[PDB]
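>>> I need the structure of the sequence given here:
(one chain, ligands or ions: 1)
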Amino acid sequence: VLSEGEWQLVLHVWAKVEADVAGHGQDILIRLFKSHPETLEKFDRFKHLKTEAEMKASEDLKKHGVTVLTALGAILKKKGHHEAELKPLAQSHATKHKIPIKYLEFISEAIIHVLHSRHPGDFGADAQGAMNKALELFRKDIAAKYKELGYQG
Ligand code: HEM
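Residues are numbered from 1 along each chain as shown. Take a look at the structure below.
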């Protein structure tokens, strides 16, 4: 359970992200695909992309980055009270997209890296730890839904 102060650190940096949702979403997906190429293979939509320059040039990738970060921002702003938001997301990611919880750990690393690069003054160690706790809570709750559905592993 995050404290109120932890949530305030999370949402303070997140309000900075929302000034350029699309640039953040590109940086995060590109970092994910470069650091963990197995993740790119889950996207029939993107797996034709073979270089970082091609990834940066893809408008459809930039669009999907906005989809992803908009969903995550709506979850963070619930400060843990996010059951309604996670149901469809866990369902689609477990049963349609076939995304292991481990790959959610990978994108969480990518999110934290990009926030640190773009917002260092609002992403000191206290805020890094709070955002790690928020993303852990996200993964914990998704993992429980995966387990219900027979996909935790
Ligand atoms: C912060 C974590 C993530 C969030 C908030 C998120 C959010 C979303 C949303 C909102 C959609 C569209 C609606 C839906 O299908 O449920 C989507 C689609 C999808 N996501 Fe995620 N996602 C996350 C992580 C991942 C990861 C780590 C992968 C793969 C390694 C992944 C793979 C996919 C795929 C394959 C689609 C379908 C894309 C398409 O063909 O249109 N997601 N995601």
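
>>> Kindly report the residues of the chain close to the ligand.
For the chain, the residues in contact with the ligand (Cβ under 6 Å from any ligand atom) are 39, 42-43, 45, 67-68, 71-72, 89, 92-93, 97, 99, 103-104, 107. Heads up, the C-betas are built off the backbone N, CA and C, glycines and all.

>>> what packs against the longest helix belonging to the chain?
Determined from DSSP state H, the single longest helix within the chain is helix 125-149. Taking 3 or more Cβ pairs under 8 Å, 6 or more residues apart in numbering; DSSP states H and E as contact, the helices and strands that helix 125-149 lies on are helix 4-17, helix 59-76, helix 83-91, helix 101-118.

>>> Residue 29: which of the ones you listed is closest?
helix 59-76 (5.2 Å; Cβ to Cβ).

>>> What is the neighbour count of residue 24?
24 (other Cβ atoms under 10 Å).

>>> hang on, it packs against residue 69?
Yes. Residue 24 is within contact range of residue 69, at 6.1 Å (criterion: Cβ atoms under 8 Å).

>>> returning to that earlier point: how about the helices and strands packed on helix 125-149 in CSV, adding mean neighbour count and distance to residue 124?
Below are these laid out as CSV (neighbours: other Cβ atoms under 10 Å; distance: least, Cβ to Cβ, whole Å):
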stretch, mean neighbour count, distance to residue 124
helix 4-17, 17, 9
helix 59-76, 16, 18
helix 83-91, 15, 28
helix 101-118, 18, 9
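
>>> As TSV, those helices with distance to residue 125 would be great.
Compiled in TSV, those are given as follows (distance: least, Cβ to Cβ, whole Å):
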stretch	distance to residue 125
helix 4-17	10
helix 59-76	19
helix 83-91	28
helix 101-118	10
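
>>> what comes into contact with stretch 52-64?
With contact meaning Cβ atoms under 8 Å, 6 or more residues apart in numbering, stretch 52-64 is reached by 22, 25, 26, 29, 30, 33, 34, 45, 46, 49.

>>> Dump it to PDB, keeping only the CA atoms.
The C-alpha coordinates for stretch 52-64 follow below in PDB (Å, rounded to 0.1, in the frame of the first residue of the first chain):
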ATOM      1  CA  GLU A  52      15.600   2.400 -33.700                       C
ATOM      2  CA  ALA A  53      15.300   5.000 -36.500                       C
ATOM      3  CA  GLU A  54      12.400   3.100 -38.000                       C
ATOM      4  CA  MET A  55      10.800   2.800 -34.600                       C
ATOM      5  CA  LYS A  56      11.100   6.600 -34.100                       C
ATOM      6  CA  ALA A  57       9.700   7.200 -37.500                       C
ATOM      7  CA  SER A  58       6.500   5.100 -37.000                       C
ATOM      8  CA  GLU A  59       3.400   7.200 -36.400                       C
ATOM      9  CA  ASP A  60       1.500   4.100 -35.500                       C
ATOM     10  CA  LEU A  61       4.000   3.300 -32.700                       C
ATOM     11  CA  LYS A  62       3.700   6.800 -31.400                       C
ATOM     12  CA  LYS A  63      -0.100   6.400 -31.400                       C
ATOM     13  CA  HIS A  64       0.100   3.200 -29.400                       C
END
